[PDB]
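Presented below is the structure to which this report refers.
Readers should treat all values here as calculations from the given coordinates under stated rules, not as data from a laboratory. Because the Cβ atoms are built from the backbone with ideal geometry, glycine has one as well, and the counts that use them run over all protein chains shown.
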């Protein structure tokens, strides 16, 4: 189908210093036992957006502004903890900033 | 792939009678001219969540509590604005309340 789901939305009003929950990465192969390691890559990964590599939760940790930068293209990876070998194909997703 | 993307995340803290931007329905068939009509149905549609049928923008319009309900199962439609014929299969998506 042509539906676009691989995006998250962030209200800039609510961003700033304190981590603002954005969304979470999740593979249907995650059995729930933490054997998947979620990795963020691409625009502002680790700097503008953090990820918990176990839960896949994503937080914005900078003050954001739509006029400055209206969106970020990131990449999601899902690796086997032990091996570091990919369990999903790496997938781009976007975080859009709403004003 | 197994990446689960058909979900939006609503922080409980920011909900209220003021519309809280939740996310957006979007078809890649959308030319940008309003010839697509986005329709939203299912759990909390119309009472908790509304949609702009042109932009596809979803807002939560009630104050929500995770412990009362952690998630809503909704349905997305994309109709050709002139004929009312579907341009996409009707697709399920989820809105998760967090905190």
For peptide A:4-13, how many partner chain Cβ atoms fall within 10 Å of a residue's Cβ, on average?
5
Size descriptor, Kirkwood hydrodynamic radius, that averages inverse alpha-carbon separations across the stretch A:1-59, Å
12.9
As a footprinting exposure proxy, order B:91, A:70 by other Cβ within 10 Å, with the fewest listed first.
A:70, B:91
Using Cα pairs under 8 angstrom and six or more residues apart, how large is the relative contact order of the stretch B:6-99, in percent?
37
For the stretch B:6-99, diffusion coefficient by Stokes-Einstein and Kirkwood Rh (Cα), 25 °C, 0.890 mPa s, µm²/s:
181
Semi-axes (Å, rounded, descending) of the ellipsoid equivalent to the protein assembly as shown per its C-alpha gyration tensor are 27, 20, 17
If A:59, B:26 are placed from fewest to most neighbouring beta carbons inside 10 Å, the sequence is A:59, B:26
